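Undergrad: One structure, pasted below without further comment.
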Amino acid sequence: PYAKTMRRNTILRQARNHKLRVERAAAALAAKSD
Amino acid sequence: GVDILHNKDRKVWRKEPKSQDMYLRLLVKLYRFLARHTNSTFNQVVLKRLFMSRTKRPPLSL
Amino acid sequence: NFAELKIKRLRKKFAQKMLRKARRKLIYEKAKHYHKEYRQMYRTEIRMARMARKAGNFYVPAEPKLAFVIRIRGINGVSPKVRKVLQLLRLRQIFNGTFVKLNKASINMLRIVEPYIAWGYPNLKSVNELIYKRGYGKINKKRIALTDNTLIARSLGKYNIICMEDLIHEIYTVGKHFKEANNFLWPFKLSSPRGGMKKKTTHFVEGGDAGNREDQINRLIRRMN
Amino acid sequence: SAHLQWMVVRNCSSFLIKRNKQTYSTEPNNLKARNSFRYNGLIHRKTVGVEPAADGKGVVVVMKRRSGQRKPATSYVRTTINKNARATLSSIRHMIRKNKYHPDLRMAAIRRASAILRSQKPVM
Amino acid sequence: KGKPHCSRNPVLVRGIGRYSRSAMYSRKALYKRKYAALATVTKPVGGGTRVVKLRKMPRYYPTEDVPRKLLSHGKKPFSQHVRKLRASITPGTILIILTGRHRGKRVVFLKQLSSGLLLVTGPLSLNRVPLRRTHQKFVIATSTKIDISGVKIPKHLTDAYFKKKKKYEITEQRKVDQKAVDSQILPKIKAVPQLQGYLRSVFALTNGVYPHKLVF
Amino acid sequence: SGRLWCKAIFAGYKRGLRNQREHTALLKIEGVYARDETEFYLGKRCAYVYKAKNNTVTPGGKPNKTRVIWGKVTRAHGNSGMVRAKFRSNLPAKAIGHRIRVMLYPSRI
Amino acid sequence: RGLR
Amino acid sequence: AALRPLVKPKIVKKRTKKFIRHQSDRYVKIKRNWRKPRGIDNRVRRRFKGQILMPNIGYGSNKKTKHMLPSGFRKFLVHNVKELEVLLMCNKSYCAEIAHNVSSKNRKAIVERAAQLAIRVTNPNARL
RNA sequence: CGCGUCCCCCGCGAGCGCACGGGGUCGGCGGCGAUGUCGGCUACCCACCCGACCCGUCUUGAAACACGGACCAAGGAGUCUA
RNA sequence: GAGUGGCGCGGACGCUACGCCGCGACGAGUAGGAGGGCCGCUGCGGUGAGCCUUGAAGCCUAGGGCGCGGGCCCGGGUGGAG
């Protein structure tokens, strides 16, 4: 049963990490623009 | 390609009495029903023994 | 009356539903407990190796408790002692697999069949795929597929292995009831390695596949599972 | 008894008919007409027989009585039902269910009587 | 009595709801929504009044019956099947109908119908192709799209509209419905130059043209 | 007005050196000469067009003499744009090195 | 009983 | 018109050819009836390649479609009208067949009675 | 995720509905149909592709440059008694 | 389990028990052994209110089929008494 919980947690963590990676790319672009 | 010896696969017990006499065959039908539907092991032995040959069920004297 | 017997038959039907749901939450929380164990097992192995290298000393990790032994060579032209050891490991057919715990008594059995096996120390995910997909149970001397939790519980419940995750735990973490859990599993009917073997005849050290493959059995488990 | 004179009749009866990997029984009261312990119409105390009427239309219901079972003439009591396709099938359902008279033969008899009624029903 | 609210947890993955059943317990808020504990219609008939029985027992039984099947779960009819499209087929794209009597013709895509089939009208002026359906699988999506988005296709022309009745005579509603959408497309294909005769022109495989090489 | 199928050659059957399995055909599609380029033609319908003596009915209109055995490009073969196609009737080997048509219309573009 |  | 059976499956057959005897082609003395080759050097006995096939139990037809005609019924061999009222309650599964040496005048009743009881005959308009 | 109670720290809610859930269904379709076409795997003839030496026998080993056999019908060989 | 105290006349299939059914695993084979044959031949006791000059046996067949096979069933022709 715990499989569903583990999967859901993994998909949420993956989404959060991807959003963070996009944010970091945006910050690096801003530093280069400065 | 499995290394199993099929020498000892077919078990040589009996599943029915070789006798075609009906009265003994009507008794088997009555103990086939009891050997499986009672928790008893008496009815397992009595069923197994009805299948056996004349030499395997000898005359128990008085 | 039957006013009772309608209501009495419902209560017993209810009692067995809440008996399932109580067992069901246990199977979840036992599985969530294991997710903590495997995290704590995985991380302490890396942790010990860091406090070694910080000092400059060496952390030699524990010799593996558990192997996965795959038969690779055929049934024709096999020595009688080598026949006996393969069929004590339950490797009676080419590309059969079984879990073998390591000790002094079992490595000497795994060195005496080194041409005719491909063995090694399997991964946690390598144990997962083998027990879920290829996992079959020896229930009443019949290879019945592990499709429900009430097959392992039916057979291995007395050793408190009541679900698939308990069995995977018992295999990977070689517990006190590994024998009753490993012998419950039917020897895994693996397919031929998808991509090709290197060289069946020779040892893995001399560019072959025959014998020990320490972490490298996991590359071939997914090749075969 | 029923079970005894089955163990004789099962293989070596005159009504028995074996060919083309098929076994039947051409008995005057077998309905579904196969060699069976259930449907054999010589063996039991209770025997429902369904036949086409001596007239054109209608179905007879052959009821075997309680008393004379060693009495081949005074045994079978016959009743012809020349009614519609519903209340000929209904009469037979009422003769069996509501008399407790061999209720194994309750549906096997109605499929027959229907197929007799279907036979004596002209073609277009 | 309550109105059906829409599902509180969004679909994160197919099968897996985004919220766990402790988060979901407070989304529904079940800590305060807790709970405690035909046939024989008679008729007055002019020796009394009668009782009839609707669903009466049958007058013929066949000599043997097929036994009732097992219960499968995920086998819907075609009417309830999920309808699939491509990334290349969007409303206004030009399609090369491959298989029909209009084989090879560049035929203008209007919209997805309620049967998976593509409502297509390569203008009857040019392709000699009416209001007609095509199948996704029997059509190549060309990488050329007239900006159709500002059309008003008659909603009354549906899936039952194009389904064959049983020579064939045209009823004038099909001539009017063609003529209504005629005046919304031909004036929109001509916004792009050389596109008018391109739709009149056919698709062919000449010596050297191999479809695995042309991106189109 | 033009051709709506690609040129294929029924080169042989799916065969080892000393055993052929007739149910799977090998199709040499002209144009594709690697597994790089074989991606488009997988799952495509492929027809063996031949004509015989006696007339047979045609879907569309009047009975012709021309017939077909329909097929389906199953998956890629070898390393050089050769492809495996499995036909509903196992092809006659008179057609070895003859023209069968890899169609376009299980289309996925 | 503890759902009241 | 036709008497349709109760149920009509796909009758799958593992082999539709005959198991011709080894060297029934070379000789007229050797009949086309299969004999197991019991030679010490026989190609066909010890499964050589491109050879005459030996029948195994593995070629056995599906138990649900075994003895089943292409029409979907199984044959039953009928000599008189008395052997038709045996088939009237297996009407949908099994069909009648009238024996070779039943006379032309009696076939005229057996086919006429089998139509009354709605039983299929494999060879209805045989002699006439 | 109750309260009415039993300690060491601070025994049945009432329904619906959707379904990756103990093995396929479609509540979807379109074509051609009377001396010219429809199906018939089998069975007649034929062609192609791959495979394929001639059986019986004794033999360690037979396609053998081992022996029996031109061909066909009919007959023909573990019986009976103690 | 059971005691005694505090409107509708309705419900498919089945089970020749020597049958029916379910789940798992397995299948080379000379000499050789055993089993099962609703395989085949000829006579016998039974039995099929069997079949047959409105055409038995036989024999031929580019006919329809069936059985894994031994073989068998039909259609057509031929034939004249089982």
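Chain lettering (A, B, ...) mirrors the order of the structure tokens, residue numbering begins at 1 for each chain separately, and ligand numbering begins at 1 in order of display.
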Excluding residue 4 (chain G) and any residue of its chain fewer than 3 positions from it, enumerate the residues within 10 Å of it, using only C-alpha atoms (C1' of nucleotides), and give them as a PyMOL selection string.

TA: (chain E and resi 31-37) or (chain G and resi 1) or (chain I and resi 2-3+13)

Undergrad: So that I have them on file, write out the residues from the current selection with N, CA, C and O atoms (P, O5', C5', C4', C3', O3' and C1' of nucleotides), as a PDB file, in the first residue's frame.

TA:
```
ATOM      1  N   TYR E  31     -13.784  15.778  10.438  1.00  0.00           N
ATOM      2  CA  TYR E  31     -13.719  15.931  11.918  1.00  0.00           C
ATOM      3  C   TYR E  31     -14.972  16.653  12.438  1.00  0.00           C
ATOM      4  O   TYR E  31     -15.127  16.722  13.676  1.00  0.00           O
ATOM      5  N   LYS E  32     -15.825  17.172  11.543  1.00  0.00           N
ATOM      6  CA  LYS E  32     -17.116  17.838  11.886  1.00  0.00           C
ATOM      7  C   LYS E  32     -18.279  17.369  10.994  1.00  0.00           C
ATOM      8  O   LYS E  32     -19.425  17.746  11.321  1.00  0.00           O
ATOM      9  N   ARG E  33     -18.028  16.591   9.930  1.00  0.00           N
ATOM     10  CA  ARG E  33     -19.077  15.983   9.063  1.00  0.00           C
ATOM     11  C   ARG E  33     -19.209  14.494   9.424  1.00  0.00           C
ATOM     12  O   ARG E  33     -19.248  13.652   8.502  1.00  0.00           O
ATOM     13  N   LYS E  34     -19.304  14.201  10.726  1.00  0.00           N
ATOM     14  CA  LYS E  34     -19.342  12.831  11.309  1.00  0.00           C
ATOM     15  C   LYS E  34     -20.802  12.389  11.449  1.00  0.00           C
ATOM     16  O   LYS E  34     -21.647  13.258  11.756  1.00  0.00           O
ATOM     17  N   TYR E  35     -21.081  11.096  11.251  1.00  0.00           N
ATOM     18  CA  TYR E  35     -22.458  10.534  11.157  1.00  0.00           C
ATOM     19  C   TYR E  35     -22.631   9.337  12.097  1.00  0.00           C
ATOM     20  O   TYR E  35     -21.675   8.559  12.301  1.00  0.00           O
ATOM     21  N   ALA E  36     -23.848   9.218  12.640  1.00  0.00           N
ATOM     22  CA  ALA E  36     -24.256   8.279  13.711  1.00  0.00           C
ATOM     23  C   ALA E  36     -25.383   7.371  13.206  1.00  0.00           C
ATOM     24  O   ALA E  36     -25.937   7.649  12.121  1.00  0.00           O
ATOM     25  N   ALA E  37     -25.706   6.327  13.976  1.00  0.00           N
ATOM     26  CA  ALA E  37     -26.807   5.370  13.706  1.00  0.00           C
ATOM     27  C   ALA E  37     -27.164   4.606  14.986  1.00  0.00           C
ATOM     28  O   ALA E  37     -26.231   4.050  15.599  1.00  0.00           O
TER      29      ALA E  37
ATOM     30  N   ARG G   1     -16.129   2.070  17.198  1.00  0.00           N
ATOM     31  CA  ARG G   1     -17.115   2.911  17.935  1.00  0.00           C
ATOM     32  C   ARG G   1     -16.639   4.371  18.000  1.00  0.00           C
ATOM     33  O   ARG G   1     -17.504   5.252  18.184  1.00  0.00           O
TER      34      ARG G   1
ATOM     35  P     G I   2      -9.463  11.529  19.385  1.00  0.00           P
ATOM     36  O5'   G I   2     -10.969  12.031  19.525  1.00  0.00           O
ATOM     37  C5'   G I   2     -11.671  12.604  18.404  1.00  0.00           C
ATOM     38  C4'   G I   2     -13.166  12.458  18.572  1.00  0.00           C
ATOM     39  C3'   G I   2     -13.739  12.833  19.932  1.00  0.00           C
ATOM     40  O3'   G I   2     -13.967  14.235  20.024  1.00  0.00           O
ATOM     41  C1'   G I   2     -14.629  10.748  19.243  1.00  0.00           C
ATOM     42  P     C I   3     -13.856  14.977  21.438  1.00  0.00           P
ATOM     43  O5'   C I   3     -14.829  14.128  22.370  1.00  0.00           O
ATOM     44  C5'   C I   3     -14.900  14.392  23.783  1.00  0.00           C
ATOM     45  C4'   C I   3     -15.749  13.353  24.480  1.00  0.00           C
ATOM     46  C3'   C I   3     -15.346  13.013  25.907  1.00  0.00           C
ATOM     47  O3'   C I   3     -15.848  13.950  26.857  1.00  0.00           O
ATOM     48  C1'   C I   3     -15.648  11.015  24.706  1.00  0.00           C
ATOM     49  P     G I  13     -20.517   1.288  11.733  1.00  0.00           P
ATOM     50  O5'   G I  13     -20.310   2.153  10.408  1.00  0.00           O
ATOM     51  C5'   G I  13     -21.197   2.043   9.269  1.00  0.00           C
ATOM     52  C4'   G I  13     -22.535   2.673   9.580  1.00  0.00           C
ATOM     53  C3'   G I  13     -23.468   2.893   8.394  1.00  0.00           C
ATOM     54  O3'   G I  13     -24.299   1.750   8.189  1.00  0.00           O
ATOM     55  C1'   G I  13     -23.204   4.923   9.575  1.00  0.00           C
TER      56        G I  13
END
```

Undergrad: May I have a table of the residues of chain E lying at most 12 Å from chain J, giving each one's closest pair of atoms and their distance in Å to one decimal, counting only C-alpha atoms (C1' of nucleotides), ordered by chain and ascending residue number, as JSON lines?

TA:
```
{"residue": "E:38", "atom": "CA", "partner": "J:7", "partner_atom": "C1'", "distance": 9.5}
{"residue": "E:39", "atom": "CA", "partner": "J:8", "partner_atom": "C1'", "distance": 7.5}
{"residue": "E:40", "atom": "CA", "partner": "J:8", "partner_atom": "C1'", "distance": 6.8}
{"residue": "E:41", "atom": "CA", "partner": "J:7", "partner_atom": "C1'", "distance": 9.6}
{"residue": "E:42", "atom": "CA", "partner": "J:7", "partner_atom": "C1'", "distance": 10.4}
{"residue": "E:51", "atom": "CA", "partner": "J:8", "partner_atom": "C1'", "distance": 10.0}
{"residue": "E:52", "atom": "CA", "partner": "J:8", "partner_atom": "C1'", "distance": 9.8}
{"residue": "E:53", "atom": "CA", "partner": "J:8", "partner_atom": "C1'", "distance": 7.5}
{"residue": "E:54", "atom": "CA", "partner": "J:8", "partner_atom": "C1'", "distance": 9.9}
{"residue": "E:55", "atom": "CA", "partner": "J:8", "partner_atom": "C1'", "distance": 10.3}
{"residue": "E:56", "atom": "CA", "partner": "J:8", "partner_atom": "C1'", "distance": 9.9}
{"residue": "E:57", "atom": "CA", "partner": "J:10", "partner_atom": "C1'", "distance": 8.8}
{"residue": "E:61", "atom": "CA", "partner": "J:12", "partner_atom": "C1'", "distance": 10.3}
{"residue": "E:62", "atom": "CA", "partner": "J:12", "partner_atom": "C1'", "distance": 10.9}
{"residue": "E:63", "atom": "CA", "partner": "J:12", "partner_atom": "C1'", "distance": 11.4}
{"residue": "E:64", "atom": "CA", "partner": "J:13", "partner_atom": "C1'", "distance": 8.6}
{"residue": "E:65", "atom": "CA", "partner": "J:12", "partner_atom": "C1'", "distance": 7.0}
{"residue": "E:66", "atom": "CA", "partner": "J:13", "partner_atom": "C1'", "distance": 8.1}
{"residue": "E:67", "atom": "CA", "partner": "J:13", "partner_atom": "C1'", "distance": 6.4}
{"residue": "E:68", "atom": "CA", "partner": "J:12", "partner_atom": "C1'", "distance": 8.4}
```

Undergrad: Got time to write the residues from that selection, C-alpha atoms, as a short mmCIF file (atom, residue, chain, number, x, y, z; two decimals), in the first residue's frame?

TA:
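Result written to out-v5.cif:
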```cif
data_model
loop_
_atom_site.label_atom_id
_atom_site.label_comp_id
_atom_site.auth_asym_id
_atom_site.auth_seq_id
_atom_site.Cartn_x
_atom_site.Cartn_y
_atom_site.Cartn_z
CA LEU E 38 -43.49 -2.41 -9.05
CA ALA E 39 -44.56 -5.55 -11.03
CA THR E 40 -48.26 -6.61 -10.83
CA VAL E 41 -50.34 -3.41 -11.54
CA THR E 42 -54.04 -4.56 -11.33
CA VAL E 51 -54.45 -8.83 -11.68
CA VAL E 52 -51.97 -8.97 -14.66
CA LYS E 53 -48.20 -9.71 -14.24
CA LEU E 54 -45.81 -7.59 -16.42
CA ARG E 55 -42.49 -9.45 -16.95
CA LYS E 56 -44.42 -12.77 -17.36
CA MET E 57 -42.52 -16.14 -17.53
CA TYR E 61 -37.10 -22.46 -23.44
CA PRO E 62 -34.30 -23.56 -25.85
CA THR E 63 -32.99 -27.17 -25.38
CA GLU E 64 -29.61 -25.82 -24.03
CA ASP E 65 -28.53 -22.29 -22.85
CA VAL E 66 -25.03 -20.65 -22.83
CA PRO E 67 -24.07 -19.87 -19.18
CA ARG E 68 -23.68 -16.16 -18.13
#
```

Undergrad: For residue 52 (chain F), work out the shell of residues within 8 Å, counting only C-alpha atoms (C1' of nucleotides) and skipping chain neighbours fewer than 5 positions away, then give it as a ChimeraX atom specification.

TA: /F:65-67

Undergrad: Can you list, as a ChimeraX atom specification, every protein, DNA or RNA residue that comes within 12 Å of residue 26 (chain H) when you count only C-alpha atoms (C1' of nucleotides), leaving out same-chain residues fewer than 4 positions away?

TA: /H:21-22,30-32 /I:54-55,71

Undergrad: Provide as a VMD selection string the residues of chain B at most 10 Å from chain C, counting only C-alpha atoms.

TA: chain B and resid 1 to 4

Undergrad: Counting only C-alpha atoms (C1' of nucleotides), which residues of chain J come no farther than 8 Å from chain D, as JSON, numbers by chain?

TA: {"J": [15, 16, 38, 47, 48]}

Undergrad: Produce a file of the selected residues containing N, CA, C and O atoms (P, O5', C5', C4', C3', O3' and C1' of nucleotides), as a PDB file, in the first residue's frame.

TA:
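Below is the file selection-v4.pdb, written as the result:
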```
ATOM      1  P     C J  15     -21.648 -32.631 -14.689  1.00  0.00           P
ATOM      2  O5'   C J  15     -21.235 -33.546 -13.451  1.00  0.00           O
ATOM      3  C5'   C J  15     -20.820 -34.915 -13.613  1.00  0.00           C
ATOM      4  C4'   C J  15     -21.659 -35.828 -12.748  1.00  0.00           C
ATOM      5  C3'   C J  15     -23.079 -36.103 -13.241  1.00  0.00           C
ATOM      6  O3'   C J  15     -23.358 -37.484 -13.037  1.00  0.00           O
ATOM      7  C1'   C J  15     -23.157 -35.307 -11.032  1.00  0.00           C
ATOM      8  P     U J  16     -24.480 -38.232 -13.895  1.00  0.00           P
ATOM      9  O5'   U J  16     -23.906 -39.713 -13.997  1.00  0.00           O
ATOM     10  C5'   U J  16     -22.616 -39.969 -14.583  1.00  0.00           C
ATOM     11  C4'   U J  16     -22.727 -41.096 -15.578  1.00  0.00           C
ATOM     12  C3'   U J  16     -21.673 -42.185 -15.478  1.00  0.00           C
ATOM     13  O3'   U J  16     -21.983 -43.092 -14.422  1.00  0.00           O
ATOM     14  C1'   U J  16     -22.179 -41.663 -17.762  1.00  0.00           C
ATOM     15  P     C J  38     -12.237 -49.706 -27.955  1.00  0.00           P
ATOM     16  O5'   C J  38     -13.414 -49.276 -28.940  1.00  0.00           O
ATOM     17  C5'   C J  38     -14.444 -48.358 -28.530  1.00  0.00           C
ATOM     18  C4'   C J  38     -14.596 -47.262 -29.556  1.00  0.00           C
ATOM     19  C3'   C J  38     -13.594 -46.116 -29.442  1.00  0.00           C
ATOM     20  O3'   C J  38     -13.242 -45.621 -30.729  1.00  0.00           O
ATOM     21  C1'   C J  38     -15.777 -45.275 -29.180  1.00  0.00           C
ATOM     22  P     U J  47     -31.611 -60.877 -25.764  1.00  0.00           P
ATOM     23  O5'   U J  47     -31.221 -59.402 -26.221  1.00  0.00           O
ATOM     24  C5'   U J  47     -31.047 -58.353 -25.250  1.00  0.00           C
ATOM     25  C4'   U J  47     -30.380 -57.142 -25.862  1.00  0.00           C
ATOM     26  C3'   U J  47     -31.102 -56.488 -27.029  1.00  0.00           C
ATOM     27  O3'   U J  47     -32.121 -55.607 -26.565  1.00  0.00           O
ATOM     28  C1'   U J  47     -28.819 -56.770 -27.575  1.00  0.00           C
ATOM     29  P     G J  48     -33.273 -55.103 -27.559  1.00  0.00           P
ATOM     30  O5'   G J  48     -32.497 -54.118 -28.539  1.00  0.00           O
ATOM     31  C5'   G J  48     -32.140 -52.783 -28.135  1.00  0.00           C
ATOM     32  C4'   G J  48     -31.538 -52.030 -29.296  1.00  0.00           C
ATOM     33  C3'   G J  48     -32.431 -51.902 -30.519  1.00  0.00           C
ATOM     34  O3'   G J  48     -33.336 -50.815 -30.350  1.00  0.00           O
ATOM     35  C1'   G J  48     -30.235 -52.515 -31.177  1.00  0.00           C
TER      36        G J  48
END
```

Undergrad: Please report as a PDB file with N, CA, C and O atoms (P, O5', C5', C4', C3', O3' and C1' of nucleotides), in the first residue's frame which residues of chain I come no farther than 6 Å from chain F, using only C-alpha atoms (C1' of nucleotides).

TA:
```
ATOM      1  P     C I  48      10.422 -24.532 -60.160  1.00  0.00           P
ATOM      2  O5'   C I  48      10.638 -23.421 -59.039  1.00  0.00           O
ATOM      3  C5'   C I  48      10.791 -22.031 -59.380  1.00  0.00           C
ATOM      4  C4'   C I  48      10.484 -21.145 -58.193  1.00  0.00           C
ATOM      5  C3'   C I  48      11.305 -21.390 -56.938  1.00  0.00           C
ATOM      6  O3'   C I  48      12.580 -20.767 -57.055  1.00  0.00           O
ATOM      7  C1'   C I  48       9.022 -21.136 -56.357  1.00  0.00           C
ATOM      8  P     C I  49      13.888 -21.470 -56.455  1.00  0.00           P
ATOM      9  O5'   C I  49      13.764 -21.182 -54.895  1.00  0.00           O
ATOM     10  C5'   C I  49      13.965 -19.860 -54.371  1.00  0.00           C
ATOM     11  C4'   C I  49      13.612 -19.804 -52.902  1.00  0.00           C
ATOM     12  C3'   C I  49      14.305 -20.820 -52.007  1.00  0.00           C
ATOM     13  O3'   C I  49      15.621 -20.390 -51.674  1.00  0.00           O
ATOM     14  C1'   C I  49      11.996 -20.797 -51.515  1.00  0.00           C
ATOM     15  P     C I  50      16.862 -21.398 -51.803  1.00  0.00           P
ATOM     16  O5'   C I  50      16.819 -22.190 -50.423  1.00  0.00           O
ATOM     17  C5'   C I  50      17.124 -21.523 -49.187  1.00  0.00           C
ATOM     18  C4'   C I  50      16.472 -22.226 -48.020  1.00  0.00           C
ATOM     19  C3'   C I  50      16.932 -23.649 -47.753  1.00  0.00           C
ATOM     20  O3'   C I  50      18.197 -23.709 -47.102  1.00  0.00           O
ATOM     21  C1'   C I  50      14.579 -23.544 -47.595  1.00  0.00           C
TER      22        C I  50
END
```

Undergrad: What lies within 7 Å of residue 76 (chain D) using only C-alpha atoms (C1' of nucleotides), ignoring chain neighbours under 4 positions off, as a PyMOL selection string?

TA: chain D and resi 62-65

Undergrad: Pick out the closest residue to residue 17 (chain B) from this set: B:50, B:35, B:60, B:45. Count only C-alpha atoms.

TA: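 Selected residue with least distance to residue 17 (chain B): B:50.
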
Undergrad: Mind checking which residues fall within 6 Å of region 65-74 of chain H, counting only C-alpha atoms (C1' of nucleotides), ignoring those fewer than 3 positions away in the same chain, and posting them as a PyMOL selection string?

TA: (chain H and resi 8+11+61-62+93-95) or (chain J and resi 66)

Undergrad: Taking the chain letters and numbering used in this document, name the residues of chain D that DSSP puts in strand (DSSP E), as a ChimeraX atom specification.

TA: /D:16-19,22-25,48-52,59-64,76-81

Undergrad: What would the file look like if the residues just selected were written as a tab-separated table (two decimals), in the first residue's frame with N, CA, C and O atoms?

TA:
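Dumped everything to again.tsv:
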```
chain	number	residue	atom	x	y	z
D	16	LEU	N	-28.92	-48.30	-23.83
D	16	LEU	CA	-27.59	-47.66	-23.99
D	16	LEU	C	-27.15	-47.72	-25.46
D	16	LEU	O	-27.37	-48.76	-26.10
D	17	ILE	N	-26.56	-46.62	-25.95
D	17	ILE	CA	-26.28	-46.36	-27.39
D	17	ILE	C	-25.00	-45.52	-27.49
D	17	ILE	O	-25.05	-44.32	-27.17
D	18	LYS	N	-23.89	-46.15	-27.89
D	18	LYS	CA	-22.53	-45.56	-27.93
D	18	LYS	C	-22.03	-45.50	-29.38
D	18	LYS	O	-21.87	-46.57	-29.99
D	19	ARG	N	-21.79	-44.29	-29.90
D	19	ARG	CA	-21.03	-44.04	-31.15
D	19	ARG	C	-20.64	-42.56	-31.26
D	19	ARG	O	-21.27	-41.73	-30.58
D	22	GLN	N	-20.01	-40.25	-28.29
D	22	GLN	CA	-21.27	-39.82	-27.62
D	22	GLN	C	-21.98	-41.03	-27.01
D	22	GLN	O	-21.94	-42.11	-27.63
D	23	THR	N	-22.59	-40.85	-25.83
D	23	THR	CA	-23.37	-41.88	-25.09
D	23	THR	C	-24.77	-41.32	-24.79
D	23	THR	O	-24.84	-40.21	-24.21
D	24	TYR	N	-25.82	-42.05	-25.17
D	24	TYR	CA	-27.24	-41.71	-24.89
D	24	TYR	C	-27.94	-42.89	-24.21
D	24	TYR	O	-27.29	-43.93	-23.98
D	25	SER	N	-29.23	-42.72	-23.91
D	25	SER	CA	-30.13	-43.75	-23.34
D	25	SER	C	-31.52	-43.59	-23.97
D	25	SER	O	-32.16	-42.54	-23.72
D	48	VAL	N	-40.43	-38.49	-13.65
D	48	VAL	CA	-41.15	-37.56	-14.57
D	48	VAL	C	-40.78	-37.94	-16.01
D	48	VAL	O	-39.58	-37.85	-16.34
D	49	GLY	N	-41.76	-38.36	-16.81
D	49	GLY	CA	-41.63	-38.55	-18.27
D	49	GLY	C	-42.48	-37.53	-19.01
D	49	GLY	O	-43.62	-37.29	-18.58
D	50	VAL	N	-41.94	-36.94	-20.08
D	50	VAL	CA	-42.65	-35.98	-20.98
D	50	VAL	C	-42.55	-36.52	-22.41
D	50	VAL	O	-41.42	-36.73	-22.87
D	51	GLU	N	-43.70	-36.77	-23.06
D	51	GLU	CA	-43.79	-37.35	-24.43
D	51	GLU	C	-44.79	-36.54	-25.24
D	51	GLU	O	-45.65	-35.86	-24.68
D	52	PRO	N	-44.72	-36.57	-26.60
D	52	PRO	CA	-45.76	-35.98	-27.44
D	52	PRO	C	-47.06	-36.79	-27.32
D	52	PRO	O	-46.98	-38.01	-27.23
D	59	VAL	N	-48.86	-32.25	-24.87
D	59	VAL	CA	-47.74	-33.00	-24.22
D	59	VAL	C	-48.34	-33.81	-23.05
D	59	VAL	O	-49.07	-33.20	-22.24
D	60	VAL	N	-48.03	-35.11	-22.97
D	60	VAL	CA	-48.37	-35.98	-21.81
D	60	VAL	C	-47.28	-35.81	-20.75
D	60	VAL	O	-46.10	-35.64	-21.14
D	61	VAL	N	-47.66	-35.83	-19.47
D	61	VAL	CA	-46.73	-35.89	-18.31
D	61	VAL	C	-46.90	-37.27	-17.65
D	61	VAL	O	-47.95	-37.50	-17.02
D	62	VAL	N	-45.90	-38.14	-17.81
D	62	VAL	CA	-45.87	-39.52	-17.22
D	62	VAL	C	-45.33	-39.40	-15.79
D	62	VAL	O	-44.11	-39.19	-15.63
D	63	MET	N	-46.22	-39.52	-14.80
D	63	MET	CA	-45.90	-39.53	-13.35
D	63	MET	C	-45.82	-40.98	-12.87
D	63	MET	O	-46.79	-41.73	-13.11
D	64	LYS	N	-44.71	-41.37	-12.24
D	64	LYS	CA	-44.53	-42.69	-11.58
D	64	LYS	C	-44.96	-42.56	-10.11
D	64	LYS	O	-44.45	-41.66	-9.43
D	76	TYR	N	-47.11	-46.34	-13.77
D	76	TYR	CA	-47.11	-45.04	-14.49
D	76	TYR	C	-48.55	-44.54	-14.70
D	76	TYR	O	-49.36	-45.28	-15.29
D	77	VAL	N	-48.84	-43.33	-14.21
D	77	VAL	CA	-50.12	-42.59	-14.43
D	77	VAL	C	-49.82	-41.44	-15.40
D	77	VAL	O	-48.89	-40.65	-15.12
D	78	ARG	N	-50.56	-41.38	-16.51
D	78	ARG	CA	-50.35	-40.42	-17.63
D	78	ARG	C	-51.46	-39.37	-17.62
D	78	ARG	O	-52.61	-39.73	-17.28
D	79	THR	N	-51.13	-38.12	-17.96
D	79	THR	CA	-52.08	-36.98	-18.06
D	79	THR	C	-51.66	-36.08	-19.24
D	79	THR	O	-50.54	-35.54	-19.20
D	80	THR	N	-52.53	-35.95	-20.25
D	80	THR	CA	-52.30	-35.14	-21.48
D	80	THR	C	-52.69	-33.68	-21.19
D	80	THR	O	-53.78	-33.47	-20.63
D	81	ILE	N	-51.82	-32.74	-21.57
D	81	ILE	CA	-52.02	-31.27	-21.38
D	81	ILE	C	-52.00	-30.60	-22.76
D	81	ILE	O	-50.89	-30.31	-23.27
```
